[PDB]
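Note that these values count all heavy atoms, side chains included, but never hydrogens, waters or copies made by symmetry. If you read the sequence from its start, that first residue is 1, and numbering goes on from there.
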Amino acid sequence: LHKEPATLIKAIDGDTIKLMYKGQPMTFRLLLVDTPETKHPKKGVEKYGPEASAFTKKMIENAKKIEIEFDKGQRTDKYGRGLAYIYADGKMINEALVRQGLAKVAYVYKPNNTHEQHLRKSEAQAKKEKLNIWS
Ligand SMILES: Cc1cn([C@H]2C[C@H](OP(=O)(O)O)[C@@H](COP(=O)(O)O)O2)c(=O)[nH]c1=O
Ligand SMILES: [Ca+2]
């Protein structure tokens, strides 16, 4: 796996970010995590959804450098969103959300599970600490 540069376009919610990648606008979805829903009427605004959204926005806007890292398998989902680990000054947003209890580990689809154990350990800590989603 390797990290590639990208420039911000707009943070959509906790786990979906529009980025300029190789000079094309693409929507990315964070691998291995789900922040609670805030757009879809079928789930409604779920608790911590808005909180997750503001956390990601904050983290990605303040970054000096944004990087994306695809995993070993599919690089897009069925909606055409890029599937990646995204880093803001070398800090993985996917992990940072999980560590705050603002996302759960989810959508673990082989072979895109390289950081699964890393993320699960951050989740276990947020749970033990009773943070946000786990409170
Ligand atoms: C993170 C991730 C999501 N998805 C798909 C599965 C879910 O589609 P369905 O909605 O059709 O089930 C959806 C979860 O995304 P959101 O959390 O943005 O809803 O995106 C993948 O296909 N692969 C991935 O790695
Ligand atoms: Ca979500």
Side-chain angles (χ1 to χ4, degrees):
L1 302 200
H2 60 109
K3 299 199 220 314
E4 299 185 48
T7 314
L8 176 67
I9 302 180
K10 189 173 161 14
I12 286 62
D13 67 345
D15 56 25
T16 301
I17 307 162
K18 208 160 145 199
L19 299 177
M20 192 66 84
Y21 169 73
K22 308 218 156 208
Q24 236 102 253
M26 174 153 12
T27 302
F28 279 82
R29 172 62 169 80
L30 292 184
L31 277 167
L32 302 180
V33 307
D34 194 25
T35 56
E37 187 60 54
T38 72
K39 290 325 177 348
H40 202 292
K42 138 250 216 151
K43 292 192 211 180
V45 194
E46 308 182 295
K47 198 188 184 201
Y48 295 103
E51 290 88 13
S53 293
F55 180 99
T56 298
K57 179 176 197 296
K58 205 124 99 103
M59 183 167 183
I60 193 104
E61 298 206 345
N62 287 308
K64 309 191 294 204
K65 302 201 213 197
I66 298 162
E67 295 165 301
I68 64 93
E69 180 180 58
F70 294 109
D71 205 324
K72 301 266 219 312
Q74 293 95 324
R75 294 179 166 195
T76 55
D77 67 8
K78 70 181 110 167
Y79 299 105
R81 298 174 300 183
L83 295 171
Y85 306 103
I86 304 182
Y87 295 85
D89 289 328
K91 310 226 161 185
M92 200 201 301
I93 299 179
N94 314 48
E95 190 277 345
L97 282 160
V98 174
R99 180 58 180 101
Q100 292 303 310
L102 295 172
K104 291 167 182 212
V105 175
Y107 301 118
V108 197
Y109 302 139
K110 291 294 229 305
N112 288 336
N113 70 326
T114 295
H115 297 316
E116 176 184 354
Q117 290 320 131
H118 180 59
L119 298 171
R120 292 205 178 276
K121 69 176 262 292
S122 285
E123 186 179 277
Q125 194 63 30
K127 187 152 154 91
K128 177 192 139 89
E129 300 182 0
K130 328 230 77 216
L131 303 189
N132 296 312
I133 292 169
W134 307 116
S135 57

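Here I12 sits alone; no ILVMFWY side chain lies under 4.5 Å from its own, so it joins no hydrophobic cluster. Within the hydrophobic cluster formed by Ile, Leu, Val, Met, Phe, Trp and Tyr side chains joined at under 4.5 Å, directly or through other members, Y79 stands alone, with no partner residue.
Within the structure, every pair that satisfies the salt bridge (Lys or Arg N to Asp or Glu O under 4.0 Å) test and touches residues 25-34, not counting sequence neighbours, is listed here: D15-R29, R29-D34. Applying the salt bridge (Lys or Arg N to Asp or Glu O under 4.0 Å) test to residues at least two apart or on different chains, none of the pairs has a partner in residues 37-55.
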| request: Go through the steps for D13 and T35 under the test side chain to side chain contact (heavy atoms under 4.5 Å, CB included), then give the verdict. | output: CA-CA 8 Å; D13 67 345; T35 56; 4.3 Å; yes
| said: Could you walk me through whether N94 and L32 satisfy the side chain to side chain contact (heavy atoms under 4.5 Å, CB included) test, starting with their C-alpha distance in whole Å, then the side-chain angles of each, then the deciding distance to 0.1 Å, before giving a yes or no? | reply: CA-CA 8 Å; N94 314 48; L32 302 180; 5.7 Å; no
| For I93 and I17, what are the C-alpha separation, side-chain angles and deciding distance, and is it a side chain to side chain contact (heavy atoms under 4.5 Å, CB included)? | CA-CA 11 Å; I93 299 179; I17 307 162; 4.2 Å; yes
| task | Could you walk me through whether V108 and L119 pass the side chain to side chain contact (heavy atoms under 4.5 Å, CB included) test, one step at a time? | result | CA-CA 11 Å; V108 197; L119 298 171; over 6 Å; no
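Expressed to the nearest 0.5 Å, how far CD of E69 lies from CG of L31 amounts to 9.0 Å. In this structure, CZ on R75 lies 10.0 Å from CE on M26, to the nearest 0.5 angstrom. The distance from the NZ atom of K91 to the CE atom of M59 is 7.5 Å, given to the nearest 0.5 Å. Taking CD1 of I68 as the reference point, atom CZ of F28 lies at 4.5 Å (rounded to 0.5 Å). Interatomic distance, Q74 CD to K110 NZ, rounded to the nearest 0.5 Å: 13.0 Å. Here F55 contributes atom CZ and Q100 contributes atom CD; the two are 5.0 Å apart, rounded to the nearest 0.5 Å.
Nearest heavy-atom pair, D89 versus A63, reported as atom, atom and distance to 0.1 Å: OD2-CA, 3.4 Å. Looking at every heavy atom in both residues, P36 comes nearest to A52 through CD-CB, 3.9 Å. When all heavy atoms of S122 and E95 are compared, the pair lying nearest together is OG-OE2, 2.5 Å. A pairwise comparison of heavy atoms in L131 and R99 identifies CD1-O, 3.5 Å as the closest pair.
In terms of the ring-ring contact (aromatic ring centres under 6.0 Å, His included) criterion, residue partners of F70 (sequence neighbours excluded) are, by chain and number, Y21. Remark: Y48 engages no residue in a ring-ring contact (aromatic ring centres under 6.0 Å, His included) (not counting sequence neighbours).
Using bins of under 30°, 30° to 60° and over 60° for the plane-to-plane angle, the ring pair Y107/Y109 lands in the tilted bin.
Side-chain contact between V105 and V98: present, with at least one pair of heavy atoms (C-beta onward) separated by less than 4.5 Å. Considering only heavy atoms from C-beta on, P50 comes within 4.5 Å of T38 through its side chain. When side chains are defined from C-beta on, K3 does not count as touching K65, because their heavy atoms never get closer than 4.5 Å.
In the hydrophobic clustering of ILVMFWY residues, with side-chain heavy atoms under 4.5 Å counting as a link, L8 and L30 come out together. The cluster map of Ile, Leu, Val, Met, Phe, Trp and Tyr, joined by side-chain heavy atoms under 4.5 Å apart, puts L97 and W134 in the same cluster. Cluster annotation: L19 and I9 are assigned to distinct hydrophobic clusters (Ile/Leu/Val/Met/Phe/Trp/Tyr, side-chain heavy-atom contacts under 4.5 Å, transitive). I60 and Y87 fall within a single hydrophobic cluster, where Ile, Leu, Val, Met, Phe, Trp and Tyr side chains are chained together by heavy-atom contacts under 4.5 Å.
When the options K128, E129, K121, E123 are evaluated for a side chain to side chain donor-acceptor pair (under 3.5 Å) with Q125, the one that passes is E129.
At least one donor-acceptor pair under 3.5 Å links the side chain of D71 to the backbone N or O of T114.
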